[PDB]
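Every chain is named by a letter (A, B, C, D and E) in the order it is written, and numbering of its residues begins at 1.
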Amino acid sequence: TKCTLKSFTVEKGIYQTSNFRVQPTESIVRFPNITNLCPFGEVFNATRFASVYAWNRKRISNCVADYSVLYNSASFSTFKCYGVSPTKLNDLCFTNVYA
Amino acid sequence: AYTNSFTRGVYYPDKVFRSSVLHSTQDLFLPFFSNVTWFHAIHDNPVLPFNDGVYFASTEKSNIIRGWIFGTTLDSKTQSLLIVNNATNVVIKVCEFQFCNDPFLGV
Amino acid sequence: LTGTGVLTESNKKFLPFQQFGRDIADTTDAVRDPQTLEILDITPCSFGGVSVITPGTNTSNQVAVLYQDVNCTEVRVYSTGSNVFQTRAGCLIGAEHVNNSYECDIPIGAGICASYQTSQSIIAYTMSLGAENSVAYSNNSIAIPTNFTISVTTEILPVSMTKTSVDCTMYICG
Amino acid sequence: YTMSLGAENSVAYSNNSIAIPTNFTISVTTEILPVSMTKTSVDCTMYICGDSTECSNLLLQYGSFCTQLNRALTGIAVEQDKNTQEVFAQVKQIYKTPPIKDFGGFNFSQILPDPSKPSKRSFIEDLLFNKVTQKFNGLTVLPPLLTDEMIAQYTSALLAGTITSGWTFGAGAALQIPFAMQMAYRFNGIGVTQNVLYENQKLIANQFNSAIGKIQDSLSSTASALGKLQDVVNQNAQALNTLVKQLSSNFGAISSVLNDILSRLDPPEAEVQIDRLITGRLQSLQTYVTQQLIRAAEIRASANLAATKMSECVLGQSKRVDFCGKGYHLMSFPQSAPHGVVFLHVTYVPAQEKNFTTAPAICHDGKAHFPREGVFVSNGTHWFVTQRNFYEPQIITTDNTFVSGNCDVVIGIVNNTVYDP
Amino acid sequence: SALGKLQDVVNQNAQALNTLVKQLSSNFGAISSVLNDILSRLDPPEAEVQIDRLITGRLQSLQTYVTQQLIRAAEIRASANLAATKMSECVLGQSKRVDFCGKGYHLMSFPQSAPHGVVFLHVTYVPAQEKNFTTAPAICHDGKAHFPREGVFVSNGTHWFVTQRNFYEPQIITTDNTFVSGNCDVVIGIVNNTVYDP
C-alpha cells in the first residue's frame, strides 16, 4: 500500500494495491517426440540446382535443424528473414516448411 | 439449369479452435442464396471455368463421380491437377497428362 | 507459443487439425499436448485484486487483506490461517469476524464493512442500516409534537475550482 | 410517414365559461431512474502486459498512466456507492409496518415485502429484478457495498415510514397517523377539500388497488418496461466488450498476440512492436476510462435527481408540476431495481368536466364579493361557489366570499345575492 | 474533516498538477526523459524521432489532464448550479422542498463564504416530543360531518379538541375551526361529539 500510494503514511480506508497471482514453480517444455535430422545437407550442398523458371520445391517433415551454423557461415552471401528474426530461430518450433 | 445454394459453402477459415464466439472474417466463400449450375449425368461433362475458386457439390448412391481435372488447356501442354478417388484410394497428381478428347473412365 | 498459466483437463473435442484454442480477447485458451493427443485448457494462474484494509498509520500498523472474488482455497508473510472470513466480496484474511453489527466505517462490499475496535484489532462485520424502530400504527391514534427544537445544520458545497492555466508550448518544448 | 404531434383538440374558450371537473381518477405511474452503474475495475498492468516481464518493463516508461486510470476507476466505483447511499439511505431508522394491514381500504400487499419469502422483497420488486439482465483478463467487477437485500430493506423502511407516518418521518420523528387521514392531508395539499377523500374513500382505495394491479400486469407482460436501466446495463456491457475486443487489434504491430511477438522478434524490433501495442492498448484504456467518467457523470446526475425525488416525493409532497408524474401529486412509493430505482407516483387527475358560466365577482349591496377559495359558477338559475379542482357547488355565504372595492371597478362582475347565515 | 468536501477538491486539483509534473519524468520510449540530454547527443535524423516520441507522450498527458479537468469542471459547475439554486430558494426565500435545505421543516438559511465554496447554515424546525392521542377523521353534531379547516381532531380520553398538525395546541371545537360537508353515514370512523357555537 505504501508503494502504491507513494507515501510513507496511509490514511484510514481500503485501497486496491496489487493483484494476487500464483507464481510458477517449474517450466513445461513440450515439442513433438521426433529424433530425426533435416535434409538441409542435400538441399544446400546439392550437386545440381534447377533453373529459376523451373524452380524446385522441396517439402520437409518430421525433422530438427540448427540454423545457427548457417547464420554463422560466411559461405552464404545473403541471409535475410522476414516476419521472424534470424537470430531467435531455435525457439519457435516451426510448423510448415517449404524449401 | 440453376438452383438456390441457400446456406451451403461454409468452411473453417483456419485451423484455430474457437467457441462461443461470433468471429468476422473475410475470405473466398460461396455467397448465400446464390445461383449454382445444376448438371446431369443421365441418358454431358463440359469444361467449366475455375475463376478464383469453385464450390462443388454432389449427391451419390453408387459413387458415379470419381474425379476432377483442373487446368487451362488439358492437352499435355501445361500442368493440370488430376484428382481421382478409386474405391478407397485418393490419388493426386500434377503431371503433364495427355488427356483424351472426352476423358472418362470405364467400368 | 509461450505463456504462464495452469494446465488443466478439458472436455473440448478438438478436431484432428486444430492445435490451439482462443478466447474472446484472441488470447490462447487451450493447447493439444504434442506428445499425448489430449486437449488441455490453459487457465491463467488464478488471480484477483488485493486490497489492504487499514486504519491510519497514526493509529495502527496492522492490516487486513481482501482477495477479490476468490474462494478461501487457492490462497511470504501473510499466511492463510487464524481469522479467515469468506464474503461475497472475496476472501478477507486478518480481520476478525464479529457477529455484532455496527455503522459502516471502512467499506468492504456486499454488506461487509471493517473497522478498528477492541487489545485493539481490525474487525469485519455486516454493516448496520440503522436502529430498528417500529411505528405504533393504528387506525385511531395520532402522535402530535408538544415541543420543538430549532436546529442549525451546515451544508457545504463547492462553487469553483483552481483556475489553472497550462503553457502547452513551454510544457512540451520548454 | 410524417409523424403526428398529437391529436388536435381545440379549447372552447370564452370570457364567461369555466370547466370544472365533476369526477376524478387516482392514477399510478412508473418513473424509472438509474442510480448506480457496474463498479468496474481495470488492472491496467495485466491488461496491457499480461504475464510479460519485458512488456511490463517497457510499460514502466509511461510512468503514472497506469495508476491514474486505476485511481479514476476507483473514484467512479466509490461514487457509485455514494449514489446508492444518497438515493436510498435517506432515513435514519428502519421502520416496519405492523401485521394489521387495514390502511383504510388501501391494499399495499404488492409493495410491502412478503413475510413468507426469505428476502424482504415485494412482488413488484420481484418482477423488476427479473427484467434487467474478461474474467481472466484484468477486467474485474466490484460488488456494491449495499446488497440487493439491503436496498430492499431500505425501500421497505421508507415505504413503512411513508405509510404509517406520512411525511413526518422525513423531517423528524415518525408520527403515526391513520392512512386515510394522511390521504386527507395529501388531498388538502393539492387544493381538493379533504371531505372528497372521505366521501370517496372506498372508490379511491379501489382505484389505487386497480392501478397497482395494472402496474403488476404491465411489468409482468411488456418486455420493454425497464428501458432506462437495461440500456445502462447494455452500455456498460458494450463498453467492456469493446475494451476486450480491442486486445485483438494490431495497432500496426505484426500481431495482436504479445507472446507471438516475443517468440519471433529480436529485442531491437520486438521492443518497437511492443511499444506500438502498449501505445494502442493504453489509448484504448484511456478512451474507456474517459467514456466511463462521462457516463458516471450522467449516472450521478440521474442519481441526484432520484434522491431529489425520494426526498421531495416519497418523504414529502411535491408542488412541482410534473416532477412526480402527470397530474396533481399525492404520494410516491419507492421500489428497488437492478442498478436503479422505480417510483410509483400516485396522482390526482380530473376525469370528467362540465361547462359552467362564471364571473370574477358578485355584487350584493354594491360591494364586490370574491371567493376565498374556489370560483363562482352558474348552472343557469343559481350562482354557487365551488373548489377549483372538483365540482361541489355550495351556497354563496359570507363565509365563502369577502368584500373588496365596488361594482364599478371589476370587469365582468355580475349581480346576485349573498346569503347571510 | 467537516470541510472535507472542499478540501478534497483542492487536493484533487493539486494531485492532478502533481501527476502532470510527474509526467515530465516519463520516457515514453525515448532514450531519456530530459530533452536537453537528447538534443546534446543525437543528430537531427534521430533527435527528431526521440523528440517526436516525447512530444506525443507529453501531448497525450496534457490531453488527459485537460479532459479530466473538463469533467471535474462540469461536476463543479453542477455543484455551483445547485449552490445558486440553494441561495435563491433557501437564503433569499423559504423552501418548501423536503430535505432540500436540511433535515426538518425549513425556516431560513445563512450564507458563509469558504475557500472555493459556500457554506449554508440551515435553520429548521424539528418536532422534539410527542404524545399518543386518539383521533377521528370527522365529528358528528346534527348528522353533518365536520372536518377541520386546519389541523386534526385529537382526544386526551375525555374531550375532543382540534389542533395544528405540527404542534400540540388543543383548542375548543367551534364553527371557526371546522366546516360541514356531507353526513355521518358516509365518513368511515366518524365519531360523536359536540361543536361549540360562539
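We adopt the following convention: contacts are C-beta pairs under 8 Å (C-beta built on N, C-alpha and C of every residue); 3 or more make two chains touch, one makes a residue touch a chain.
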Legend entry - Comparison of A-D and A-C (more C-beta pairs in contact): A-C
Inset, instruction - Report the inter-chain centroid distance for chain B and chain C in whole angstrom, where each centroid is the mean of the CA atoms. - result: 59
Inset, instruction - Take the average of all CA coordinates in chain D, do the same for chain E, and state the distance between these two points in whole angstrom. - result: 16
Inset, instruction - Mind checking the centre-to-centre distance between chain C and chain E? Centres are C-alpha means, answer in whole Å. - result: 29
Legend entry - Cα-centroid distance, chain A relative to chain E, in whole angstrom: 64
Legend entry - Residue list for chain D, restricted to those that touch at least two other chains: 41, 43, 46, 104, 172-173, 175, 177-178, 180-181, 263
Inset, instruction - Go ahead and list every pair of chains that touch. - result: A-C, A-D, B-C, C-D, C-E, D-E
Inset, instruction - Name, in rising order, each residue of chain A that touches chain C in their complex. - result: 1, 8-24, 28, 30-33
Inset, instruction - Show which residues of chain B lie in contact with chain C when the two form their complex. - result: 15-19, 21
Legend entry - Residues of chain A defined as touching chain D within the complex: 4, 16, 19, 83-85, 87-88, 91-92
Legend entry - Complex contacts: residues of chain E adjacent to chain D: 19, 22-23, 25-29, 57, 60-61, 64, 67-68, 71, 74-75, 78, 96-100, 103-105, 126-128, 130, 135, 137-138, 145, 147, 152, 165, 181-182, 186-189
Legend entry - Residue numbers on chain D that touch chain A, as the complex places them: 41, 43, 45-46, 67, 70, 74, 254, 263-266, 269
